[PDB]
Number of protein chains: 2
Amino acid sequence: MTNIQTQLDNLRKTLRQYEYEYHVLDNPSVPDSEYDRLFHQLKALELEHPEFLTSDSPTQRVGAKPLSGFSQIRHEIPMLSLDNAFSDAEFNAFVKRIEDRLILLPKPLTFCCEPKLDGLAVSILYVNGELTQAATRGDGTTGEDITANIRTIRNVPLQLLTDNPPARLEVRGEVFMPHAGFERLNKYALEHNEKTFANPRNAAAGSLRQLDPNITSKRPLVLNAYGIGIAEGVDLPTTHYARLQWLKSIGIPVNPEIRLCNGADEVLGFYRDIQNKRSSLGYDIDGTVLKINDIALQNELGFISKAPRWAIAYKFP
Amino acid sequence: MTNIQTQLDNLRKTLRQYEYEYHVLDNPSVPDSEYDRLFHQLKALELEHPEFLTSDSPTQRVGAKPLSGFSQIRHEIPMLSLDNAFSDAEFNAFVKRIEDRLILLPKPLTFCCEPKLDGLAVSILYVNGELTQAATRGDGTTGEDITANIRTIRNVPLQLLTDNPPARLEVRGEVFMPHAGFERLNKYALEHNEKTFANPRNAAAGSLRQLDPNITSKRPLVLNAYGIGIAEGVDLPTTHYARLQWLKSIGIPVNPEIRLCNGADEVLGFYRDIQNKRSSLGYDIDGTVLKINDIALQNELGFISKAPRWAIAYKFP
Ligand SMILES: CC(C)(C)c1nc(-c2ccc[nH]2)c2cc(C(N)=O)c(N)nc2n1
Ligand SMILES: CC(C)(C)c1nc(-c2ccc[nH]2)c2cc(C(N)=O)c(N)nc2n1
Ligand SMILES: Cc1ccc(Cn2cc(C(N)=O)ccc2=O)c(C)c1
Ligand SMILES: Cc1ccc(Cn2cc(C(N)=O)ccc2=O)c(C)c1
């Protein structure tokens, strides 16, 4: 035991927990000045004693050197896309198609309804609680190594907030820029004659493609997790909402507007409640993602591959 | 002009037209002995004068040397997969989902209904009427070069039967082995202690994966074209059935049991007529592929990517 290693461990613990309280809960226990006080007290102490500097410390989010290019990562589990509806009738058709396809339809059919954030899909790997790599969705099978960029997102934890983390956990989410940060970014790009982005999705997309993480750190990017990929050394919950609640409990940011619904009539209430709220949310959304809440029924219904919307193989029994 | 080049051109023309009449029309004008008479009269004459031997002659279907391995071909246009139904209710749901999604639903909604052959999907390229390459579907983006194997299929023309062929045409079809040939193949593999296949789909799949085309030539494989890929130097018809009729008119084999239907009630007649016929067709089918006949409405409805069957993005207007 040393005095310095005791101070760094205690500071890092307090700060990672204060980041969790501000970012994930929107309920900080201390003012932003108390957080910074401990933050630059830790950073100064880590430079005075470089021997005890850790890779996943909250002071080490940004890399000092810009990268040569972007590597190629292929997704272990492929990253799935989404089918889309445009009317109450079209949504109700997708629902009847599932009621008639199920071996046993339960009473009621629970759905996990979330907003369809207008951002970029990314992967984040957590090997024994530590962020080892992050990748863009790319084509759904092969993406780019954007780890340095993903490490700069203030609400993306560099370490999971659990003493028993899984062996490997791939968090999957949507990276986006909120309205306030977007407004700020254009006004700064106007007063310094630089690129202005047409909307917050292009602003976030461009910020994540920057080779220098010192530029990405200055962009107000935000992660909201929508699912899990690799899951080793853990027994994940039997429903989608419980898995999202589980991600939140170990340090991962999820959307707060996600609610459960029983049957298409309740699910259509959520679509129109979120539609009124759209005009005063603080970030862009282009609809809602409505999901079957039970993981047994997901594996039962399964997935479609790259196929037409105008052709169906009515298979024989 | 030479006497020999006049005899080869006239023989090749007669034989390619007799193959078309037997294979594509099931209405030959000459007995099988008359066809062979001209065939080995051409082959003998081509070996006596090797200078006039052409690459696409009906005598040159098989390569004398087995290949080293199988190359990797990536599909220019990707090869799409299919979504599937299992009940009258599930098919009617897919149909209502399309009626409600269309900008303008016509009265009536024509469908091109075909049997779902239990074979292997392949690509065949025709550069200015000549068969230059063939590939397996693989993953739908990348497949294997099986040109030598595809050249051995007796009903696959090595040259298109038109004096104005397109610049490039990619025919897409299902390669399969009929019942009679399958029964024959096992009995021969039993009396010569060799591999027996569980069903005609495994027998065809294995025959197409053979490196030696002298082995694939002895397997009774058959192509039935289901669609087109690349189409350069041609204005293709506005409907799916007319494109299939067009393929047949230029030398390509298509299924004869394909019929048009107007509305789900007529389309379900075809599903049950083909279901009774299943037990006496001569080849394996595992259902029916029901397609929107108009190409305008196909491009309008579009295609789904690799996505779940339990998640829908109800997008905002
Ligand atoms: C169904 C599946 C595959 C778990 C999925 N996917 C996406 C998504 C975005 C890009 C590729 N996939 C998604 C994206 C969002 C989003 N944009 O907020 C969401 N709420 N849920 C999503 N769920
Ligand atoms: C809708 C689309 C993409 C034109 C298509 N695809 C297939 C198929 C088989 C394997 C991949 N795709 C197919 C396969 C068959 C078949 N097995 O007879 C068919 N009759 N039609 C098909 N149509
Ligand atoms: C100077 C400064 C420091 C920190 C923050 C925001 N913030 C606050 C906390 C906190 N309250 O526990 C934790 C993390 C964090 O990022 C701002 C806006 C400004
Ligand atoms: C000996 C022999 C030769 C040809 C055939 C079958 N056949 C017939 C014709 C034909 N009638 O115009 C054309 C091509 C072809 O493949 C068999 C079964 C046996």
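The chain as shown is numbered from 1 upward.
From the backbone N, Cα and C atoms, a Cβ is placed for every residue, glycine too.
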Quick check on the annotation: Swiss-Prot has B:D32, B:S33, B:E34, B:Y35, B:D36, B:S81, B:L82, B:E114, B:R137, B:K291, B:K315 binding NAD(+), so which of B:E174, B:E183, B:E191 does it put in that site too?
B:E174
Cα-Cα distance linking B:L82 (NAD(+) binding site) and B:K116 (active site, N6-AMP-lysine intermediate), given in Å to the nearest integer:
11
Near B:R137 (NAD(+) binding site), how many other Cβ atoms are within 10 Å of its Cβ?
20
Given a separation of at least six residues and a C-beta threshold under 8 Å, show me what packs close to B:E34 (NAD(+) binding site) in the same chain.
B:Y18
Express in Å, rounded to the nearest integer, the largest CA to CA distance found among the NAD(+)-binding residues B:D32, B:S33, B:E34, B:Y35, B:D36, B:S81, B:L82, B:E114, B:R137, B:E174, B:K291, B:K315 named in the record.
65
Does any of B:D32, B:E34, B:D36, B:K116 have a Cβ within less than 6 Å of an atom of ligand 2? These are the recorded positions; tell me which, or none.
B:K116
Counting every protein chain present, what is the number of Cβ atoms, excluding its own, within 10 Å of the Cβ of B:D32 (NAD(+) binding site)?
10
